[PDB]
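One chain is shown next in structure tokens, namely the form deposited without the RNA.
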């Protein structure tokens, strides 16, 4: 039961034009087994396009690589991002939390995806009653990228709808 390959890929932007399949692989093999590693090049000149992708054997390895950012590859800090499900944001909408979900429920759950900077539990402008949804802002986009590819989110017993926000 191998995780889908799309969820094991990291797109690496900002490459040095000197980076090769081999040097990209040598770098990212520090955090797991790479089943694929390619630097994108022009079909005619073979000059690097400045980006490429690596595929790990497992999702846990993708996490390890993301948690080892910043990555300086061949002298240049690169920009790894998980493959598209790129709309790169740090904020999520959390819906379906009803009136009884509080800040600590959302924090205790989502803090295991990344570092939380803001939790905004939405209330009615007129009555102050909870509206049943919230926004969570993290310090970095990978948290959000991990969150929105999950099929399910269970918080405070509620089955929640979670999507990228703005």
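Residue numbers count along the first chain shown, from 1.
On average the C-alpha atoms of 149-157 have higher B-factors than those of the other stretch, with 149-157 and 16-24 being the two compared. Mean CA temperature factor is higher for 97-105 when stretches 135-143 and 97-105 are set side by side in the entry. Which of 61, 111, 120, 29 has the largest Cα B-factor in the deposited entry comes down to 120.
Note on the listed residues 128, 52, 43, 70: the highest Cα temperature factor in the record is that of 128. In this PDB entry, residue 78 carries a Cα temperature factor that places it within the lowest third of its chain's modelled residues.
The same protein also exists as the form solved in complex with the RNA; that form is not shown, yet it is the one meant from here on.
Proximity of residue 72 to the RNA in the deposited complex: non-hydrogen atoms within 4.5 Å are absent; the residue sits far from the partner. Although the partner is absent here, residue 40 is a contact residue: one of its heavy atoms lies within 4.5 angstroms of the RNA in the deposited complex. Of the heavy atoms in residue 146, none are within 4.5 Å of the RNA in the deposited complex. When the RNA is considered in the deposited complex, residue 3 lies well away from it, no heavy atom lying within 4.5 Å.
Only one of 59-67, 43-51, 26-34, 107-115 lies within 4.5 Å of the RNA in the deposited complex by heavy atoms, and it is 43-51. Residues of 79-110 lying near the RNA in the deposited complex, listed in sequence order, are 79, 81, 82, 83, 84, 85, 86, 91, 93, 95, 96, 99, the criterion being any heavy atom within 4.5 Å.
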